[PDB]
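> One structure is given below, represented as structure tokens, and several questions about it will come after.
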Amino acid sequence: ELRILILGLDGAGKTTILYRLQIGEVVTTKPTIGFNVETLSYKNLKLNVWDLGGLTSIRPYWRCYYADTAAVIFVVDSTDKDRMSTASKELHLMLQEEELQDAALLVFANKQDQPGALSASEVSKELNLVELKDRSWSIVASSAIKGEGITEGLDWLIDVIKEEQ
Amino acid sequence: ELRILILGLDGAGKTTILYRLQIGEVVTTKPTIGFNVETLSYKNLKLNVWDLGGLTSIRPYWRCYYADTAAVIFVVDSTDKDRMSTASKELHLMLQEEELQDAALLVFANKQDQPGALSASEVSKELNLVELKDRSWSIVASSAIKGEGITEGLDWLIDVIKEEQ
Amino acid sequence: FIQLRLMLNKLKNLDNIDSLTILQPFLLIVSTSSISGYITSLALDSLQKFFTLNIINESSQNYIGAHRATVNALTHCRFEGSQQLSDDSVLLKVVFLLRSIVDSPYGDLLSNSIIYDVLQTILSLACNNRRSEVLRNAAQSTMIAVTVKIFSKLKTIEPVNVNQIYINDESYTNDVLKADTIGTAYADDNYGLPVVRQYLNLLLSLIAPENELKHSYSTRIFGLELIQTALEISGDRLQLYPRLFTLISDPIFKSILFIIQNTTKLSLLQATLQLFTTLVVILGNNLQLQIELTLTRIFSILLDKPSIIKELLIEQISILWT
Amino acid sequence: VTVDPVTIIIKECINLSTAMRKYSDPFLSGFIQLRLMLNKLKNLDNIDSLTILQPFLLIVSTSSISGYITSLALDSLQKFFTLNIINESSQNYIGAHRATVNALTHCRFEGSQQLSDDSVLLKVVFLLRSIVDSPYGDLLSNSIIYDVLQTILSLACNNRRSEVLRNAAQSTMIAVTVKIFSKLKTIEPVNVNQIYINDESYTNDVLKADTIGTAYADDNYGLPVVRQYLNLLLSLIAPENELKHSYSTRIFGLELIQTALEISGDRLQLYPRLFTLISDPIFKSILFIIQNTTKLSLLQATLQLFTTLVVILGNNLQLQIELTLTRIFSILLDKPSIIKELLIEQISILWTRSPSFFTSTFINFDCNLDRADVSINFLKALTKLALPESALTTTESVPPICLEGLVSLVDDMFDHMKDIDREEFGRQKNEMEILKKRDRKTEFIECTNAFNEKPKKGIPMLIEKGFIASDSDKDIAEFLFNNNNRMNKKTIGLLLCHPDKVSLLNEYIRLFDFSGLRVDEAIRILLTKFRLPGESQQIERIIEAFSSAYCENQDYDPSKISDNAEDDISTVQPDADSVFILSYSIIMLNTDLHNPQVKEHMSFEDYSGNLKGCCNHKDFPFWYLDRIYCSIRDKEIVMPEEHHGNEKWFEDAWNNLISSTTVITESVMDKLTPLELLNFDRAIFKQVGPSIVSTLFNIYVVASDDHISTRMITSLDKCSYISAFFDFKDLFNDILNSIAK
Ligand SMILES: Nc1nc2c(ncn2[C@@H]2O[C@H](COP(=O)(O)OP(=O)(O)OP(=O)(O)O)[C@@H](O)[C@H]2O)c(=O)[nH]1
Ligand SMILES: Nc1nc2c(ncn2[C@@H]2O[C@H](COP(=O)(O)OP(=O)(O)OP(=O)(O)O)[C@@H](O)[C@H]2O)c(=O)[nH]1
């Protein structure tokens, strides 16, 4: 009864995050071009999660999927600082899409468990996440291969979903 | 259950002869590549007739088609007598076959309507038909569009067939 | 077969051997009837192997004649059988071999009569309700490929004359689709304009008011799709050829207008409108009275029919002003 | 193509959107977005092709749409490909075409009865065939082409689908195979002068399930996909998965291999992996089918492939051809009659389609000792089968074929005799050394049996009667290195290790080549032609000799690069004891990883562990230990003389006779003068002449047709001419006297 959307640039481990949530395993996934959908039964509520590819040629297709969306997980990539500006621009475009306004934003940044990882406060300030208004805002750094933070982020999301109703 | 084998080089008019026998109407004939079969009956005997074409690539298969054959027709184009020597060689080779010893070499000198038609006696002399090992000699001129010697040749063939038994 | 094997035994290469002699037993056992489906299937397999591994090629005697004879045999493939799956398989092999031959240079070296026969055979397969579905889809795909090849070759020939005046005197009711007898400039030249004119005339014969009741809806939709593919491949070069342009202007546009004005089926109307808007976009500077009349009729329809016709019309006309 | 592609794309978007609306959300929205994006345009100057194709690909791949919408998407993509909308001069066309092939491979829909499913899958197959045939398919990758091959082959080898779809898939497979191996025809030969060690595993590519319906990868496709395709085709026809594939699948695999060989030619020799796959396992499967089958169609396909191999690649498949022909002759001279007819006809295809088959066979085999007589045995079998006595109880069509073979031999011998000037042929006084050593073949067999029973008698016999230059240790080592095809190799193991023979052992081991090879490949090449003994001390001595030789033949440099190196020459320099320890570890790991009786296996952990302290008292780099571990986990060390006896015997025979000789990979008619050719003809005629003359006379006397009599009398005339030319007085007298009688 929930529609969680996982959106992010290519290389943010979106498919790995989805498979870790679904079954809890490290799975090598090729770069997806379309979409993959699975279900989650983390709580008594049953939620359907849609994962979208991150290439440059499919982002408008992301823009098409914004219908009856309950939550959005904007996973970001914690490397290649030259791409942070493009990631922030895409995030601003997604936020100002006038359909995802009534939702909750959650950011993972799963690439912290690697050398040269940016600080969570640093990326949050650089991405102008504080400029957000009238929306839930919470980021939780994590490691996709190991986990730990994934459960925390899902817990926050499900708690805010319960608070919504 | 008689076997009739209509042979002869390209442009001789074998298809026209077969059509005149089968329906008695002049019909445009395409250059045959394979064979045409139209079983007929003149008065009281079935006439299974096999027609073979030229194109200078099917004569080995002319040799292949000799089987339980008692009637042989070797229509030779009277016009363009330069090709007549090739027809003479081919008919000699056909006679030399061991499977057509009991045949009856009958030749129609067709295309008599065209100018410069070669004389039947001269054609037969060029064919040296007198050298046949007591088989037959029935050089009969005829025409394809009009019926001039076709009926006489058919009478000759059916008469020799009847005289066989 | 035995004689061919004897001829070819202990020969290093097919240097002096005529290609038609090599192919003749196979073609004979393909074209003739009274030969079972299994044997003609094997013969078609052998011909396909001899084509996929180029054996009769530019350096062989009578290769033009060899491939012409192969196509002539294929267009008259007749056989006997017991079931229908074998018939479908044999005809699928025939269609595949024809598609392979036509889409090769050796297909470009074929004849006008031969190409017209190929067109008629594949079209009879693709417009026969008594065959299977996979066979018909294969036939339709082959027809679309052959059409593209033919009109692509059209876009290399110079027009016969650019200063003379063409007077429309060739009749349209001359070419009609023939029965499906398969299964259980002049001709004899490398194919050019004459086969294109005959092909366009046949496609007109499929979609025509006078031939309305003699063809199913599927055949007419397929004909409209073929004419549309022909236009899309050819382009604005069809006006340099007077006969093809007359066939597009007078009779085909008459048929389009008749279907737009007097049809209730939605799929046929959709195909007709797609062809009409393609004609407007591509050849519109040379078809002005026709477009005027068609647009006036369409506006008459829209401003006076379960209204789903109206939605179809408005969408397929909206493609214009964007 | 002169039309604007934009209008085509917009029209397809409109029709698909209308169809979806009629049938009924994200997909429709994507199509509307694409329509707007392309409407606000005039040309495709800076719009990527993947964006233009994405909604169609989603419709194709997503398994939640009907077959009607999927068929419409397939039609739209085929229309785009026919009209060449994604040209060479369009952005990201490689990505677009790779994506569209990926979408086709994973096509899924929830549809109506089987007719619509077959139609949709036929559309998929046709689009794949078109894409692969175009150059846009040449720009695809190894992985994409492998997926295409798997999908089409699974469709073509599925018994739960319509015959039309299966036939379409088979045609597509033939076309794709032709394309792939035609590309192989002109790419490059890699490492022409560098030796190859056979380490790849043949059991890593299996056919997947039919889930469609209801260098390295990511690079232009070249050799890797060809190797994977040959591996899959081997898996289809392999002996070890007879139960897992129907007969149609095996026949189709054989036909695909034959088509690949015909398209490629005599260029698989340059590529060592492809030729290894053709030589060892594919020929093993061919022989297994020939020996242990009962269906005629499979046997016919197998024999046709075998004869194609003999015609094309016969100069490098000699041992396999010898073994297969020997098995065929054993079959034909002992199975219903129809099997024998099929064998004799498909083998009759040989002697007509070869320069001079019997002469070439007699030159290669039957003269090179340690190879069984093949040409003489073939001719004797043909003569024995040609008589009507062999016609009885067998097929009636065999004797004419065998007679054709004998007459072909006579005619070829006559052809080698047209202009040779008999006087000058007799002028020769020095016979060829090949024939001189061939006359002493029985003595060689006796000496080899003596060596097998006990070397103490074999060596003096092998030096007294020739066959060895001198009793020097170097000569004995050279003879054991080269001439060991019929010499027992367990005896070599137990002789080359006896303490007194520590000189012959040293020379033998030094006679190998080990430059540039790791310890794994060195051990493979050492045990290739030498069976290790049983006792610990004997293995210790052999390994010590090998270690000394490997270190001496691999002169190192003080560079001693450690880690971060895929090189295997200047990176690891094991002194002498490090080689000893590593070789013992390799030998033990072979048994540990390939002994099914023992549960569990020795993993890499602690295998890297109980080895540190050997290479100058440190640990070997990660690359080397990992490489040897992988190369032992795959392709178990091939050793000679496994075990002879009952139960599994074909595997042992193939192992010993072919796999030992195919571990390391590196005609004669054009190299011989006419006089030498006539000398070989004289030898073979002396051996088999009276039999042929007697057979021809029996056939001629018993015959009744005129053609048979004329042909046989002409053959006897040619035999008389041959007898006159070579001065075979007894045979000439026999022929003419029998004719006169
Ligand atoms: N080492 C490491 N790599 C990770 C981790 N999480 C994701 N990755 C990388 O992510 C890749 C998997 O691809 P995806 O999960 O699909 O990445 P994505 O964000 O979904 O982007 P797309 O591939 O375009 O779908 C792997 O090859 C990893 O290299 C992680 O926690 N540790
Ligand atoms: N007008 C006329 N034409 C004749 C006559 N005799 C022969 N012909 C010509 O002969 C041709 C007959 O064609 P076919 O019998 O099929 O020739 P063929 O022996 O099969 O040789 P191919 O055509 O190469 O296959 C006709 O087209 C005529 O032009 C004749 O008496 N009068």
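Just so we're on the same page: first chain in the structure tokens is A, next is B, and so on; residues restart at 1 for each chain, and ligands are numbered from 1 in the order they show up.
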Write out as a ChimeraX atom specification every residue belonging to chain B that has an atom at most 12 Å from any atom of chain D, counting only C-alpha atoms.
/B:97-99
> Given only C-alpha atoms, how would the per-residue table for chain B near chain C read, listing every residue at most 10 Å away with its closest atom pair and distance in Å to one decimal, sorted by chain and number, as JSON lines?

```
{"residue": "B:33", "atom": "CA", "partner": "C:69", "partner_atom": "CA", "distance": 7.6}
{"residue": "B:34", "atom": "CA", "partner": "C:28", "partner_atom": "CA", "distance": 5.9}
{"residue": "B:35", "atom": "CA", "partner": "C:28", "partner_atom": "CA", "distance": 8.3}
{"residue": "B:36", "atom": "CA", "partner": "C:32", "partner_atom": "CA", "distance": 9.4}
{"residue": "B:55", "atom": "CA", "partner": "C:20", "partner_atom": "CA", "distance": 9.1}
{"residue": "B:56", "atom": "CA", "partner": "C:21", "partner_atom": "CA", "distance": 8.8}
{"residue": "B:57", "atom": "CA", "partner": "C:21", "partner_atom": "CA", "distance": 5.0}
{"residue": "B:58", "atom": "CA", "partner": "C:21", "partner_atom": "CA", "distance": 6.4}
{"residue": "B:59", "atom": "CA", "partner": "C:21", "partner_atom": "CA", "distance": 9.0}
{"residue": "B:60", "atom": "CA", "partner": "C:3", "partner_atom": "CA", "distance": 7.6}
{"residue": "B:61", "atom": "CA", "partner": "C:3", "partner_atom": "CA", "distance": 7.9}
{"residue": "B:63", "atom": "CA", "partner": "C:3", "partner_atom": "CA", "distance": 9.2}
{"residue": "B:64", "atom": "CA", "partner": "C:3", "partner_atom": "CA", "distance": 7.5}
```
> Work out how far atom CA of residue D:372 is from atom CA of residue D:481, in Å to one decimal.
19.4 Å
> For ligand 1, collect every residue having any atom at a distance of at most 10 Å from a ligand atom (counting only C-alpha atoms and all ligand atoms); output as an NGL selection string.
:A and (6-19 or 26-36 or 51-56 or 75-77 or 109-114 or 142-147)
> Just give me the gap between atom CA of residue D:60 and atom CA of residue C:232 in Å, one decimal is fine.
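Taking atom CA of residue D:60 and atom CA of residue C:232, their separation equals 24.7 Å.
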> Lay chain A over chain B with a least-squares fit on all the C-alpha atoms, paired in sequence, and tell me the RMSD.
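C-alpha RMSD after optimal superposition stands at 0.8 Å.
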> Stretch 65-69 of chain B: which residues within 8 Å, counting only C-alpha atoms, same-chain residues fewer than 2 positions away excluded, as a ChimeraX atom specification?
/B:3-5,61-63,71-72,99-100,103
> Save out the residues we just selected, C-alpha atoms, as a short mmCIF file (atom, residue, chain, number, x, y, z; two decimals), in the first residue's frame.

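The resulting file, out04.cif, is reproduced below:
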```cif
data_model
loop_
_atom_site.label_atom_id
_atom_site.label_comp_id
_atom_site.auth_asym_id
_atom_site.auth_seq_id
_atom_site.Cartn_x
_atom_site.Cartn_y
_atom_site.Cartn_z
CA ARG B 3 6.04 -43.85 -73.09
CA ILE B 4 6.78 -40.92 -75.42
CA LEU B 5 9.91 -38.80 -74.97
CA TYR B 61 19.69 -34.99 -67.67
CA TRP B 62 18.39 -35.82 -71.14
CA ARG B 63 20.62 -38.87 -70.81
CA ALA B 71 8.94 -43.38 -78.73
CA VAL B 72 11.50 -40.63 -79.39
CA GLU B 99 18.72 -48.20 -72.91
CA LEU B 100 17.17 -46.82 -76.13
CA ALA B 103 13.44 -46.86 -79.79
#
```
> Please, which residues of stretch 12-153 of chain A, numbered as in this document, come out alpha helix (DSSP H) from DSSP, as a PyMOL selection string?
chain A and resi 14-22+59-64+84-95+120-126+149-153
> Can you write out the residues you just picked, keeping N, CA and C atoms, as a compact mmCIF listing (two decimals), in the first residue's frame?

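See selection-v7.txt below for the written result:
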```txt
# COMPACT_ATOMS: atom_id res chain seq x y z
N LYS A 14 21.95 1.52 -6.46
CA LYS A 14 20.51 1.47 -6.23
C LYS A 14 20.00 0.04 -6.27
N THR A 15 20.44 -0.74 -7.27
CA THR A 15 20.00 -2.13 -7.37
C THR A 15 20.53 -2.96 -6.21
N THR A 16 21.77 -2.71 -5.80
CA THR A 16 22.32 -3.40 -4.64
C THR A 16 21.54 -3.06 -3.38
N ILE A 17 21.17 -1.79 -3.21
CA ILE A 17 20.37 -1.40 -2.05
C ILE A 17 19.02 -2.11 -2.09
N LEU A 18 18.39 -2.17 -3.26
CA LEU A 18 17.10 -2.83 -3.37
C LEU A 18 17.20 -4.30 -3.03
N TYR A 19 18.22 -4.98 -3.54
CA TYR A 19 18.36 -6.41 -3.27
C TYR A 19 18.74 -6.68 -1.83
N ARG A 20 19.53 -5.79 -1.22
CA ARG A 20 19.84 -5.93 0.20
C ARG A 20 18.59 -5.76 1.05
N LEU A 21 17.72 -4.82 0.68
CA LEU A 21 16.45 -4.69 1.39
C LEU A 21 15.58 -5.93 1.20
N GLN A 22 15.51 -6.45 -0.02
CA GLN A 22 14.58 -7.54 -0.31
C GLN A 22 14.99 -8.82 0.41
N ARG A 59 16.64 9.79 -17.44
CA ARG A 59 16.12 10.63 -16.36
C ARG A 59 14.74 11.21 -16.65
N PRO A 60 14.42 11.69 -17.86
CA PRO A 60 13.04 12.09 -18.13
C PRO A 60 12.05 10.97 -17.87
N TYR A 61 12.50 9.74 -18.11
CA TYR A 61 11.63 8.57 -17.82
C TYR A 61 11.42 8.49 -16.31
N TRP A 62 12.44 8.84 -15.52
CA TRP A 62 12.16 8.99 -14.09
C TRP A 62 11.03 9.97 -13.90
N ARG A 63 11.12 11.11 -14.59
CA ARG A 63 10.11 12.15 -14.45
C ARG A 63 8.72 11.63 -14.78
N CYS A 64 8.63 10.59 -15.62
CA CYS A 64 7.33 10.03 -15.95
C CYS A 64 6.74 9.19 -14.82
N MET A 84 28.75 16.14 -8.47
CA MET A 84 27.86 16.58 -7.40
C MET A 84 26.95 17.71 -7.87
N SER A 85 27.47 18.62 -8.69
CA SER A 85 26.65 19.71 -9.18
C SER A 85 25.49 19.19 -10.02
N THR A 86 25.76 18.24 -10.92
CA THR A 86 24.70 17.65 -11.72
C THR A 86 23.70 16.90 -10.85
N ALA A 87 24.20 16.18 -9.84
CA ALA A 87 23.30 15.47 -8.93
C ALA A 87 22.39 16.44 -8.20
N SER A 88 22.94 17.56 -7.72
CA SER A 88 22.13 18.55 -7.03
C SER A 88 21.11 19.18 -7.97
N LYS A 89 21.51 19.47 -9.21
CA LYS A 89 20.56 20.03 -10.17
C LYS A 89 19.41 19.07 -10.43
N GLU A 90 19.73 17.79 -10.61
CA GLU A 90 18.68 16.80 -10.83
C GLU A 90 17.78 16.67 -9.61
N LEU A 91 18.37 16.74 -8.41
CA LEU A 91 17.58 16.67 -7.19
C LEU A 91 16.63 17.86 -7.07
N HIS A 92 17.11 19.05 -7.42
CA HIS A 92 16.25 20.23 -7.40
C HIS A 92 15.13 20.11 -8.43
N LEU A 93 15.45 19.60 -9.62
CA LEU A 93 14.41 19.38 -10.62
C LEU A 93 13.37 18.39 -10.13
N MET A 94 13.81 17.31 -9.48
CA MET A 94 12.87 16.34 -8.94
C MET A 94 12.01 16.94 -7.83
N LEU A 95 12.61 17.74 -6.96
CA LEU A 95 11.86 18.34 -5.85
C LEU A 95 10.82 19.33 -6.36
N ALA A 120 29.01 13.54 5.54
CA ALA A 120 27.57 13.65 5.38
C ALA A 120 27.10 15.10 5.54
N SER A 121 27.62 15.79 6.55
CA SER A 121 27.31 17.21 6.70
C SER A 121 27.81 18.01 5.51
N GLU A 122 29.00 17.67 5.01
CA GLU A 122 29.57 18.39 3.88
C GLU A 122 28.70 18.27 2.64
N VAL A 123 28.27 17.04 2.31
CA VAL A 123 27.44 16.87 1.12
C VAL A 123 26.06 17.48 1.34
N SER A 124 25.52 17.37 2.55
CA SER A 124 24.21 17.95 2.82
C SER A 124 24.24 19.47 2.64
N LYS A 125 25.31 20.12 3.10
CA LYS A 125 25.42 21.56 2.91
C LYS A 125 25.69 21.92 1.46
N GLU A 126 26.56 21.15 0.79
CA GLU A 126 26.89 21.45 -0.60
C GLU A 126 25.68 21.26 -1.51
N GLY A 149 23.39 1.00 8.13
CA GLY A 149 22.59 2.20 7.93
C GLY A 149 21.34 1.97 7.11
N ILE A 150 21.29 0.90 6.32
CA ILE A 150 20.12 0.64 5.49
C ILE A 150 18.89 0.41 6.36
N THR A 151 19.05 -0.39 7.41
CA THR A 151 17.94 -0.62 8.34
C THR A 151 17.53 0.67 9.03
N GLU A 152 18.50 1.52 9.38
CA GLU A 152 18.16 2.79 10.01
C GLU A 152 17.35 3.68 9.08
N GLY A 153 17.77 3.78 7.82
CA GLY A 153 17.03 4.60 6.87
C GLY A 153 15.63 4.07 6.62
```
> Which residues of chain D have any atom within 6 Å of an atom in chain C when counting only C-alpha atoms, and what is the closest pair of atoms for each, with the distance in Å to one decimal? Order the rows by chain and rising number and write it as a Markdown table.

```
| residue | atom | partner | partner_atom | distance |
| --- | --- | --- | --- | --- |
| D:1 | CA | C:233 | CA | 5.5 |
| D:2 | CA | C:235 | CA | 5.8 |
| D:119 | CA | C:134 | CA | 5.5 |
| D:164 | CA | C:89 | CA | 5.9 |
| D:352 | CA | C:10 | CA | 5.8 |
```
> Might you pull out every residue within 9 Å of stretch 157-159 of chain A, with only C-alpha atoms counted and same-chain residues fewer than 3 positions away left off, and present them as a list in words?
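Counting only C-alpha atoms, the residues come to residues 42, 43, 71, 104, 105, 106, 152, 153, 154, 162, 163 and 164 of chain A.
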> Mind checking DSSP for stretch 81-165 of chain B and telling me the strand (DSSP E or B) residues as a PDB file with N, CA and C atoms, in the first residue's frame?

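Okay, this is what ended up in states.pdb:
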```
ATOM      1  N   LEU B 105      13.744 -43.501 -83.894  1.00  0.00           N
ATOM      2  CA  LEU B 105      14.196 -42.136 -84.131  1.00  0.00           C
ATOM      3  C   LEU B 105      13.277 -41.456 -85.135  1.00  0.00           C
ATOM      4  N   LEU B 106      12.434 -40.554 -84.643  1.00  0.00           N
ATOM      5  CA  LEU B 106      11.523 -39.774 -85.464  1.00  0.00           C
ATOM      6  C   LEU B 106      11.867 -38.304 -85.287  1.00  0.00           C
ATOM      7  N   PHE B 108      10.969 -34.247 -86.522  1.00  0.00           N
ATOM      8  CA  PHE B 108      10.094 -33.266 -87.151  1.00  0.00           C
ATOM      9  C   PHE B 108      10.930 -32.057 -87.546  1.00  0.00           C
ATOM     10  N   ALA B 109      10.900 -31.707 -88.831  1.00  0.00           N
ATOM     11  CA  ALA B 109      11.595 -30.518 -89.322  1.00  0.00           C
ATOM     12  C   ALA B 109      10.617 -29.349 -89.256  1.00  0.00           C
ATOM     13  N   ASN B 110      10.549 -28.740 -88.076  1.00  0.00           N
ATOM     14  CA  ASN B 110       9.569 -27.704 -87.795  1.00  0.00           C
ATOM     15  C   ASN B 110      10.030 -26.366 -88.372  1.00  0.00           C
ATOM     16  N   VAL B 140       9.846 -36.340 -91.109  1.00  0.00           N
ATOM     17  CA  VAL B 140       8.596 -35.809 -91.638  1.00  0.00           C
ATOM     18  C   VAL B 140       8.525 -34.334 -91.283  1.00  0.00           C
ATOM     19  N   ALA B 141       8.436 -33.482 -92.298  1.00  0.00           N
ATOM     20  CA  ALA B 141       8.298 -32.057 -92.057  1.00  0.00           C
ATOM     21  C   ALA B 141       6.916 -31.749 -91.493  1.00  0.00           C
TER      22      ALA B 141
END
```
> Any idea what's packed within 8 Å of residue D:449, counting only C-alpha atoms, ignoring anything in its chain fewer than 3 positions away? Could you give it as a VMD selection string?
chain D and resid 445 to 446 452 to 453 458 487
> Would you write out those residues with N, CA and C atoms, as a short mmCIF file (atom, residue, chain, number, x, y, z; two decimals), in the first residue's frame?

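In the end it all went to part_34.cif:
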```cif
data_model
loop_
_atom_site.label_atom_id
_atom_site.label_comp_id
_atom_site.auth_asym_id
_atom_site.auth_seq_id
_atom_site.Cartn_x
_atom_site.Cartn_y
_atom_site.Cartn_z
N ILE D 445 58.18 -53.39 -33.76
CA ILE D 445 57.11 -53.81 -32.86
C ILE D 445 57.64 -54.81 -31.84
N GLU D 446 58.48 -55.75 -32.30
CA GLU D 446 59.06 -56.72 -31.37
C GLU D 446 59.94 -56.03 -30.33
N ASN D 452 58.52 -52.82 -23.39
CA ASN D 452 57.38 -52.78 -22.48
C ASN D 452 57.49 -53.84 -21.39
N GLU D 453 57.92 -55.05 -21.75
CA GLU D 453 58.03 -56.09 -20.73
C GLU D 453 59.21 -55.83 -19.81
N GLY D 458 64.90 -54.48 -23.85
CA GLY D 458 64.47 -53.62 -24.94
C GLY D 458 65.56 -52.71 -25.46
N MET D 487 55.44 -46.93 -27.24
CA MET D 487 56.22 -47.32 -26.08
C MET D 487 55.40 -47.08 -24.81
#
```
